[PDB]
There are 2 protein chains.
Amino acid sequence: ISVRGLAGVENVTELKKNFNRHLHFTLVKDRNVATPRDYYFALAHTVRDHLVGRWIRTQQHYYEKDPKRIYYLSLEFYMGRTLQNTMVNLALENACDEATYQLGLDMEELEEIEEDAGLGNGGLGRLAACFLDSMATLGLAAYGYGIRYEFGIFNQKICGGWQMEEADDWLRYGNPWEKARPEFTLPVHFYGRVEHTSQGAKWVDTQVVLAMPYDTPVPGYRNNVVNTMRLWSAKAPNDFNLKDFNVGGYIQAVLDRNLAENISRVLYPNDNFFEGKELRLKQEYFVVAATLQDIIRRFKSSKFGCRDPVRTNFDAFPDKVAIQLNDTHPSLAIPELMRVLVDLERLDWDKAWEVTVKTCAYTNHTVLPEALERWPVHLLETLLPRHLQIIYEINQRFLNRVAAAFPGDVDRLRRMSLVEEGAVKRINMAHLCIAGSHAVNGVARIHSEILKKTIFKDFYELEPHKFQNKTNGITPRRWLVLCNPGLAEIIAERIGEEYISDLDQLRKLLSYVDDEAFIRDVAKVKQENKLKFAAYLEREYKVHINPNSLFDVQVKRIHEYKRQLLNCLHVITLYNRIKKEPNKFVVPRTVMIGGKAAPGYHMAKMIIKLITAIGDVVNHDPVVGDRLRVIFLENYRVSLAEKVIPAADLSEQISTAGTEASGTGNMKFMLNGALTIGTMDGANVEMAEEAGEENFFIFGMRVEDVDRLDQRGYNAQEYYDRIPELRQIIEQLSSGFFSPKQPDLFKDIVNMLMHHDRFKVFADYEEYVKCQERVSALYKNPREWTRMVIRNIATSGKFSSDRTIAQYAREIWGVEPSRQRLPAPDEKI
Amino acid sequence: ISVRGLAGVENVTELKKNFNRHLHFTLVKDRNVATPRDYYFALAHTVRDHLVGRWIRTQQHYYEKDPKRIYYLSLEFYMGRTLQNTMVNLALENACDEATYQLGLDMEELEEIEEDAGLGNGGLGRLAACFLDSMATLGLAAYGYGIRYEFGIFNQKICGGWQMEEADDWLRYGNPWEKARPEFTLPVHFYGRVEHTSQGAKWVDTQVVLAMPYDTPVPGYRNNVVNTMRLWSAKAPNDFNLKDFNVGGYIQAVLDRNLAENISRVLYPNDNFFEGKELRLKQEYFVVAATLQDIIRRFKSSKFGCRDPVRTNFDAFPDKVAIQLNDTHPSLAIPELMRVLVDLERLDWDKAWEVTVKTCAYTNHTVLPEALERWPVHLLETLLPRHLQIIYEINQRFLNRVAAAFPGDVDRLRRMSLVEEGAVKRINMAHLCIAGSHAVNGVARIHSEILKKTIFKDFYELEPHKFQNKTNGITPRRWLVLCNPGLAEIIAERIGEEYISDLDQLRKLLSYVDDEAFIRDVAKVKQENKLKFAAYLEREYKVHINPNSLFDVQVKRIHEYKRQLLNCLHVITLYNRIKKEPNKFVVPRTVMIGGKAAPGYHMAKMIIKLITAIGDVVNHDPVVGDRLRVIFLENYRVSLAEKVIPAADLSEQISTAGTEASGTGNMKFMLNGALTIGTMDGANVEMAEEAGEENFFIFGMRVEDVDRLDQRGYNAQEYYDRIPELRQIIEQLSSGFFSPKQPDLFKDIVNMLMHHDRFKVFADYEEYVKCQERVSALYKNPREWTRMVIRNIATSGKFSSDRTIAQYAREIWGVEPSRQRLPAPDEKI
Ligand SMILES: CC[n+]1c(C)c(C(=O)OC(C)C)c(-c2ccccc2Cl)c(C(=O)O)c1C(=O)O
Ligand SMILES: CC[n+]1c(C)c(C(=O)OC(C)C)c(-c2ccccc2Cl)c(C(=O)O)c1C(=O)O
Ligand SMILES: *Cc1c(COP(=O)(O)O)cnc(C)c1O
Ligand SMILES: *Cc1c(COP(=O)(O)O)cnc(C)c1O
């Protein structure tokens, strides 16, 4: 593969030299007693050395030049592994592959030893990761800020068909990529009270937790740019902690240091669901306070403390600082920036607010109400007394604006208020973000329009100019060149390598739909990947699948709105039809469903159980043979995504129209040569637009159809009474067919489907099964299946995070992207 | 246009010479006083002379060679005009075009003077016409037999928006193509009684009507074959009529001769509907008796009366005779052939039956029950006493077979009996045909399967080997080269002319989907035809349409099962949407609906009235402008079909799944460059299969969906309650919106739709409108619309009647087709 770079004789000897150096000096080992993990670490370190030169010069470059800086504040950074990604972006893969081979080592075996930096739940967490890669690739002075969780998203094990959670101890043997910067440690204050003195307010009597920053290098694609991901780690105060004059014992007081450090211990596993847990609120404030202090320091250090003429001011703050809020998670950045500016820097309220709004921008990722953050005011009053006061003042003045804008419209005031009334008063974080931001974007065209028409309609009416769209993207480096070198190889053979960082160029492939060689290659590459995945599944899990079958795959967090249940209905349909007519030929299929369920999300765990329950019957029916196989892939994480996606034929994106804001996995599948069967939801719409609906497999209700159904009332019983194939399945579930020793096992799934389905699974069942029929018809003809695949890959260009980021930069941040190769080669001399 | 043949200098002078000869000697006129009609007649005669040589040698050829003969018995022969068709098949078009131009005449103006030989109602009548053209083209010894109606299908005029019927007096100024053969006149017997004497039965005391045969030449495509269409004309008996010893007056008795001759006076205008009128039964027997006598005579004349050794026998009758029944119209041919063979030729019943079944074959054209012939036995007993006795004996023995085949199955006997019991005993003609035929075919794959699964299931179980499929075809000569020379021109420029009589060759055009010249030409040709049709409509009817708009056309006999009403709903939908959002761009459309309604079919005439009522509002709304136009084309006949079809963009084929047996107009549209929007019914299914569903516009319920609906019960109110756009239309109709001065005018249409719709118009409304939306999206892009047109034309090859006929020949008739050019050039020397 030529996209993997050069394996020069000198660079290779140098790599082996440095590999051996690290094994000896850094691992204190020798060939005779080193373990595979020692080898992976020796290689990782050797690779990291190549980043330091660029890493330092990049930061110096921004310091010298003083460009506006972009701050991506997120509570998640689903980075996955770093080794291969670092090699790819620096062009060291073939050289390192050669060097490790000369050393009698298999580089791919070593890559598998590395633990995923799984600090995310799903979509927005991984969006942050792709975004970092793109901002670096685009030469933007961008900095990622988050929490250095000790434990990321739990590792999922399946035991007896059920999901089992295990602590994701990814820091166990260390992390060779991060570098702590003790000198940048900062104090984060909690609790206390507020005392309004002579001139202003003061937040006093607080408990302190220190935030120690750990830097991780973010390398752009072969442009000598290395940006930084700064994650905060919580530490007990060296000072006051034990000096609290406590009489509970010296030992207990020391052990008690655990309490404060628990703030950065584990990522909350809630995908699209808000749980008002205080530890969570602490984590959110933790990242905001530290991050903002760091930003302000960096802002002050451009000799802006040296503003003698006119006097030191923060007027230029918005021209030098951009803070992007990934969801409302870091929303406290609004009141925090105001607290700092008014309480500590003594700016007048009005000027401080103008600066705050000009600095921040919020991004929404869902419309589901249970996903939005509404913190009880008592929780905010106890833990962040000063912040709640500022939120109230922000609200008062915002509602004064609304009032003057819409005189007499009382209910609008009630609806738009940051303060939610009721048994438990709460603060709507989304409203706080809209009020304190200059831009509010959605993550897909359809999503951005719904925001303006529904949940943020009132805000859209008050400030139309504020709302935007920034359709999600995925990075072509991790998501193509990294995970699918075979496909990137053949593409490169025809159109060169320019596309890796200019994905629209993939369109040139439309000139090959009838090219006989290309149709063969694209098919061989997919068959190779499918062959590869089958091997991984047999060795890592002793599974075994039919490589000569259609790989139907649905991988994403388990949710009701994602409708893995619909897919279940379809799989049982395929089973019943085969049982009905055994001698009737059907296109062989390997249905793969994967994803983690949030602990405590009962329905989600019941669904994972059904998927394996179905497999237990289907997978062992002799009549069925290898014509159908239902397999649940455990521990779906970024690393598995990079393996299964490149092997997929059909990409399941069947969420109820209007629920999935955009999705990004759908984009990953398109980029890798899989055809999509999905609703007109999220980015699926733009994906179909780009490739052409004739090249897609759209089905089911459209948003207006869902709304019409809601208007008259959804009645699952109707669908059950009118569809005999559906009725047969439901009766199979309810009678114990898929749970012999526990007949009533899935009675909750049945009950929900029949009486409490907010996602109308039944209403889309018929059109979905027929659509799948079409999928198999096409698969029956390899040449046309492939040619259509070509038309999708050829049009996935717009879904590259480079494009997304370029729009944020120009339309929200106010900075111009670049692709100019930074000089920084490495400081060897 | 090169497909029009050579215009040699000599052939042209010869034509002008002969043209002038006829004008003088045959029309007894001179240039100074001839009328346009004189000119058309002079040309027609000149052209007919060219057929005589081949005409005589062909008949001599069959006489000498003695091949098995194929007899196509039909009560209809929708021939349309003959002039251009004769020129095309003889290659005289350009020569005649040149010659008439030299004579200062416009040949196309002369062609318009010719009257349609409109002896058919629709589908099966025109199928017979295409079939004749193909059998000649295939060098088969085939003979067409029917009635020479004085008045064909009434000419439709629209007066005040309503249909008005006028006698179609097509023989008014004579018919230059036919040639009467008095010497072949034969007696047809009616009424009387039966007397069972010593040896056998005798049909005595009958009233006689004579059948005088008129021959019309059927020229094959440039292969020097000219077959014959022999139509019978009814004449009063020269003898007994006035010699009936009547005392009602000499004058009255002479005037009374009209009564018997009324048998061939007018074609019954019932498309797919059975009316038990005795005059109709007489017409049916009339054709059968005469035709069979002629066949038997011809059979006897191969020196088969000279069968000295062994004795004269009819054993070889099936090896020399094939009688194809176009529907059950000529079904009496079964008992007639038996009557002749047993009563007159004295064959034993058993041998006579074996011969009859081996000779005949029946073709079904519909499953609608109201269309099937069930003649009361009293009508059959009074008018054809001997035939009813034979039908009873046929039935007795057939039911004896069924009984021995399915012992104990009494209800099967009742179901399969030729005799239908009830208040009025009747005879099921379809059952008679199945029982007395060796082959029973359907006219489309889906149609032929339904026959075996539903109405003729019992018969299919008794004799599976008997049932077949013969998917309809259309002739590429009349239906392409004749009506669309521009399209045939461009096609010929790329692939030659071989396709005109080998349509599968059109596939070669798939090699031009990306050919820039071809995409331009196909589009220019369609634009030319649309330009041409617009001119015909402005001069012949002073209509005026927008040539720069999508030509949406639905032309076929007006019926409820054809759902011109659905199209109506859609047209009003397009109107209401425009009214709703005036400034919203819509693809301009010219909706054209045409077809005749059977007199007395109330609903059909109400529908024609609504189509013009809608036009009266739509066509005069200024807001609407030239964005939409609803136009009803009056007097839809073969001649209009040849003009409007080549100008069509979209072909409406929206019948309820399972009702339209095959259709052939759908095929005409495909062949001429129009895309099809239609249900999965009839031939639409095979058409979509051939071109590819991605190249088609299929929508609505499938046969099983209709059946599921029937199973639970169709309730139009549901659709009305759930679809607000539908509800708005229905209320427009019911409130008098489309009938101001007569608010309750369409209350019958509304009532039927809401409560008595056997064709579920509402159930297909939503999917139909959305499908149309797709149609317009494609039309918005000329290049892709055309490229898809190319993919349809390229795949219409299987719908050529040459293919259909070749299957009848080989699979039913037992004869091998040919394309060998007959020698017959013309007897000039
Ligand atoms: C004084 C300007 N900066 C610069 C040239 C840096 C550098 O050389 O970093 C290299 C070791 C990777 C860098 C920096 C500064 C001090 C301690 C640790 C780091 Cl990491 C930063 C930062 O805030 O992280 C800079 C900034 O801007 O304030
Ligand atoms: C004796 C054999 N046939 C033959 C060569 C024909 C002929 O020369 O026809 C030409 C004038 C067009 C033709 C025929 C015979 C007698 C009167 C009129 C015709 Cl039209 C037919 C027929 O039945 O019509 C023949 C037949 O077979 O019996
Ligand atoms: C890309 C990604 C997601 C998001 O997938 P969707 O199907 O868009 O919800 C979730 N998890 C992982 C590990 C991912 O790589
Ligand atoms: C071909 C033809 C028909 C049959 O059309 P369908 O739409 O198949 O019912 C009817 N009338 C005329 C004049 C025809 O040319």
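Whatever order the structure lists them in is the order used to number ligands and atoms, beginning at 1. Lettering of chains follows the sequences in order, A, B, ..., and the numbering in each one begins at 1.
Taking the six-membered ring for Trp and the full ring otherwise, the centers of A:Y72 and A:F131 sit less than 6.0 Å from each other.
Among residues two or more places apart in sequence or in another chain, the ring pair (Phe, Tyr, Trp, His ring centres under 6.0 Å) test is passed with A:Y71 by A:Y143, A:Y145. For the ring pair (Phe, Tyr, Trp, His ring centres under 6.0 Å) test, no residue two or more places apart in sequence or in another chain qualifies with B:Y63.
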I'd like to know whether B:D215 forms a salt bridge (charged side-chain N to carboxylate O under 4.0 Å, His left out) with B:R230, so could you lay out the CA-CA distance, the side-chain angles of the two residues, the decisive distance to 0.1 Å, and finally the verdict. CA-CA 5 Å; B:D215 290 349; B:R230 176 153 294 162; 2.7 Å; yes
Could you please spell out the steps behind the salt bridge (charged side-chain N to carboxylate O under 4.0 Å, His left out) verdict for A:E178 and A:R148? CA-CA 10 Å; A:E178 65 184 355; A:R148 175 170 180 283; 2.6 Å; yes
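Judged by the 6.0 Å distance and 45° axis criteria, A:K596 is positioned over the aromatic ring of A:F154. Judged by a 6.0 Å distance limit and a 45° cone about the ring axis, B:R297 is positioned over the six-membered ring of B:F184. A cation-pi geometry, defined here as NZ or CZ lying under 6.0 Å from the six-membered ring centre and within 45° of its normal, holds between B:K320 and B:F304.
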Quick one: ligand 3 N/O to protein N/O pairs below 3.5 Å?
{"residue": "ligand 3", "atom": "7 (O)", "partner": "A:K556", "partner atom": "NZ", "Å": "2.8"}
{"residue": "ligand 3", "atom": "8 (O)", "partner": "A:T664", "partner atom": "N", "Å": "2.8"}
{"residue": "ligand 3", "atom": "8 (O)", "partner": "A:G665", "partner atom": "N", "Å": "3.0"}
{"residue": "ligand 3", "atom": "9 (O)", "partner": "A:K562", "partner atom": "NZ", "Å": "3.0"}
{"residue": "ligand 3", "atom": "15 (O)", "partner": "A:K668", "partner atom": "NZ", "Å": "2.6"}

Are there any protein N or O atoms under 3.5 Å from the N or O atoms of ligand 2? List them with distances, or say none.
{"residue": "ligand 2", "atom": "23 (O)", "partner": "B:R297", "partner atom": "NH2", "Å": "2.6"}
{"residue": "ligand 2", "atom": "23 (O)", "partner": "B:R298", "partner atom": "NH1", "Å": "2.6"}
{"residue": "ligand 2", "atom": "24 (O)", "partner": "B:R230", "partner atom": "NH2", "Å": "3.1"}
{"residue": "ligand 2", "atom": "28 (O)", "partner": "B:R297", "partner atom": "NH2", "Å": "2.9"}

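No option in A:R445, A:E686, A:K798 other than A:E686 meets the side chain to side chain donor-acceptor pair (under 3.5 Å) test with A:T471.
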